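Colleague: Below is the structure I would like to discuss, written out as structure tokens.
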Amino acid sequence: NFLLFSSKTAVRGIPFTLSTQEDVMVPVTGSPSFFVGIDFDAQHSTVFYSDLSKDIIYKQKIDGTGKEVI
Amino acid sequence: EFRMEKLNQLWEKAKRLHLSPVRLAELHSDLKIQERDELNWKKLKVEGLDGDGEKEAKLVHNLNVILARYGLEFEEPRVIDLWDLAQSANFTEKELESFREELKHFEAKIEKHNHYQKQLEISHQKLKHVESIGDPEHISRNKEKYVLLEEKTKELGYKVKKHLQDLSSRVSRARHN
Amino acid sequence: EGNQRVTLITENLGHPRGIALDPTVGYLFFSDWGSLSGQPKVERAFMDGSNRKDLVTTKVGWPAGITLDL
């Protein structure tokens, strides 16, 4: 488990504990991007997100690979 | 609780003996089961549907056995405070263990400081006695001890205060983050 | 060749610019021309990111580059 959150800059995942602050997933980022929506599919260890700047919904693995357009 | 005449009599004794309530509750259970069997047995006596003594023996066997089963680690207040607060901080187990060792060293420092303050007090008592006596050699010697012992004691005082400030500030920062 | 990604430092990082390291001793140095706390600084860590220190903090300004005299 970890805290998935989204912002204009990037989609990031941080531990729930406030001590070990380092990210636990590869931060999702785009060049003109503006991220709003997020969810996850823990079976495939993927996260869904919507780039409101592109108007596209993506999925991407935790390790940073496997970006695809939904 | 029971229709049966002599089972009502037996059931009163178990209340008088204050037996185990669960076993006492089960004792009602099998007696309520037996009373149906006992009335069933006698129902055959008026119906003449037994002549072999089965329906008597089966019930008295259980009753006879029922007669058996029922008779029928810190020393200074400051380090204690710091440890108590640091328990609720956002410390890693590794940082918590290192912080524990740090409080042990800080505790050694405060014990050294209070020991030398007590030495500074007994040297002050010796100095008071000597000053009352008024011997110039005694005054010079007791000064050579006291005036240098004060600075040694005060240097520890500064060092203990700084260490306390550092530990308290770090714990307070690690409680909010 | 770009395998085995892992993040070392993320807390307070502000604007990290410079970096240098001495594997013979195990220290990692990096500069930061303004933290989330506001202060620009030069700092030192172990090469695993632990035990961070303000190595320089007064009159720091905009530290842009770091090198070591090994």
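FYI, nothing fancy with the structure tokens labels: chains A, B, ... in order, residues from 1 per chain, ligands from 1 as they appear.
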I'd like a table as CSV: residues in chain C with an atom no more than 7 Å from chain A, each row giving the shortest atom pair and its distance in Å to one decimal, only C-alpha atoms counted, sorted by chain and rising residue number.

Modeller:
```
residue,atom,partner,partner_atom,distance
C:7,CA,A:22,CA,6.8
C:8,CA,A:22,CA,6.9
C:9,CA,A:22,CA,6.4
C:10,CA,A:22,CA,5.6
C:11,CA,A:21,CA,6.2
```

Colleague: Give me a file of those residues, with N, CA, C and O atoms, as a compact mmCIF listing (two decimals), in the first residue's frame.

Modeller:
```
# COMPACT_ATOMS: atom_id res chain seq x y z
N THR C 7 15.17 5.60 -6.13
CA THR C 7 15.28 6.99 -5.71
C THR C 7 15.92 7.05 -4.33
O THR C 7 15.55 6.29 -3.44
N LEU C 8 16.85 7.99 -4.15
CA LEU C 8 17.59 8.11 -2.90
C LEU C 8 17.04 9.25 -2.04
O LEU C 8 16.80 9.06 -0.85
N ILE C 9 16.94 10.45 -2.62
CA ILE C 9 16.61 11.65 -1.86
C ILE C 9 15.44 12.34 -2.54
O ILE C 9 15.43 12.46 -3.76
N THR C 10 14.46 12.79 -1.74
CA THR C 10 13.29 13.49 -2.26
C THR C 10 12.79 14.56 -1.29
O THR C 10 12.28 15.59 -1.74
N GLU C 11 12.94 14.36 0.03
CA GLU C 11 12.40 15.30 1.01
C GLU C 11 13.06 16.68 0.92
O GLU C 11 14.28 16.79 0.84
```

Colleague: For a quick test of understanding: name the residues of chain C lying within 12 Å of chain B when counting only C-alpha atoms, and present them as a PyMOL selection string.

Modeller: chain C and resi 11-12+37+50-51

Colleague: Which residues, written as a list in words, have at least one atom at most 8 Å from residue 23 (chain C), with only C-alpha atoms counted and residues fewer than 3 positions away on the same chain left out?

Modeller: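 Surrounding residues, per the criterion: residues 26, 27 and 47 of chain C.
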
Colleague: Looking at only C-alpha atoms, which of A:1, A:17, A:31, A:46 is the one that sits closest to residue 58 (chain A)?

Modeller: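 Of A:1, A:17, A:31, A:46, the one nearest residue 58 (chain A) is A:46, counting only C-alpha atoms.
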
Colleague: Would you mind reading off the distance between CA of residue 25 (chain C) and CA of residue 13 (chain C), one decimal, in Å?

Modeller: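 The value is 23.7 Å.
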
Colleague: Quick one: which residues from chain B are at most 7 Å off chain A, using only C-alpha atoms, as a list in words?

Modeller: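 Result, ordered by chain then number: residues 90, 91 and 92 of chain B.
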
Colleague: Produce a file of the selected residues containing C-alpha atoms, as a PDB file, in the first residue's frame.

Modeller:
```pdb
ATOM      1  CA  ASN B  90       8.340  10.082  12.956  1.00  0.00           C
ATOM      2  CA  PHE B  91      11.595   8.194  13.798  1.00  0.00           C
ATOM      3  CA  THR B  92      12.830   5.148  11.843  1.00  0.00           C
TER       4      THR B  92
END
```
